[PDB]
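Two separate entries follow, structure 1 and structure 2, each one form of the same protein chain as structure tokens.
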Structure 1
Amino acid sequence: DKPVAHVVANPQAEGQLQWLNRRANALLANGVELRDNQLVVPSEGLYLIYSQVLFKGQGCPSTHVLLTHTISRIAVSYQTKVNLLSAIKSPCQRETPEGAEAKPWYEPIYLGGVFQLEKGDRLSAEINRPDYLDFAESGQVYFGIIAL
């Protein structure tokens, strides 16, 4: 078999995005390691990288929220950190008026791509606002890689 990962968000970690593999329907095998919340590349090659995040809020606040989700690469050879895949979502346009109840909103973000990676490279699936993350149910927030 080949390098694999499909880590899921820890619903157990309050207000933060912590990756977890010690669960059913989750993977971390054939050299792939989860260190400091990052997936560590075991060998040089092409990898399919993917991640999904689900955001939720109850109405709209006065501040204009921008939700971001990115997969970053720490390339060990150059000691550089770059964003491989990134997406931005604006869940609100106007704050919920007083009296009018705060209806729930949901925003999914999916990232996926094929990248040539080096042994020892660290991938991070990062969000600017982890407090807006929804891990109420399994399958909503995940991060994975697979060697091709």
Structure 2
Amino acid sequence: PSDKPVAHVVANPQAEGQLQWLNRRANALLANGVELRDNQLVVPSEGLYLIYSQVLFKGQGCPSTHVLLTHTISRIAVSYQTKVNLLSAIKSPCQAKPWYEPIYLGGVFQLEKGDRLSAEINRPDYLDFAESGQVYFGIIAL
């Protein structure tokens, strides 16, 4: 258990228009091989992995259109460029009052060494960073 891959990274509030994961060792957990490269978690060894992610959206009001918020976790095979959706979730913050839409994702999948994992959203312009620590992205080798 002390050798099993584990990673837990949080978002970078200083990024504009991106969901970028902090690579600073002072606030990023990358233990037993897994690494953060190109804003992606890299699987160091084949096996089953619990993969999870949470994002927090906030807004001050409701524009005319139902602003649809999406959050997805995808995989990119080690030797190819095909990205596959593993997890996904949609929300509708609106149907003058501030709003708050949290979207969490999770599930166990069989991953291969070198596979690249990415947690993404569609509207980074509604991201929030006031709840520092609750916008994260991690994997855990079973």
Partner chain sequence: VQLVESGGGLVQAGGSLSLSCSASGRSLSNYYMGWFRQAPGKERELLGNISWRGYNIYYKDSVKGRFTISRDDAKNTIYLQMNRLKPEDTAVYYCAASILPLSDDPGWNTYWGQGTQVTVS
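One-based numbering along structure 1's sequence throughout. Superpose the two forms; the largest set of C-alphas matching within 1.5 Å is the rigid core.
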{"query": "Structure number, where the criterion is the form deposited with its partner chain bound", "finding": "1"}
{"query": "Conformational change between the two structures, one of 60, 111, 40, 26, C-alpha moving 2 Å or more after core fit", "finding": "26"}
{"query": "Shift in Å of the residue 78 Cα between the two structures [rigid core superposition]", "finding": "4.9"}
{"query": "Shift in Å of the residue 13 Cα between the two structures [rigid core superposition]", "finding": "1.2"}
{"query": "After superposing on the core, C-alpha shift for residue 126 between the two structures in angstrom", "finding": "0.4"}
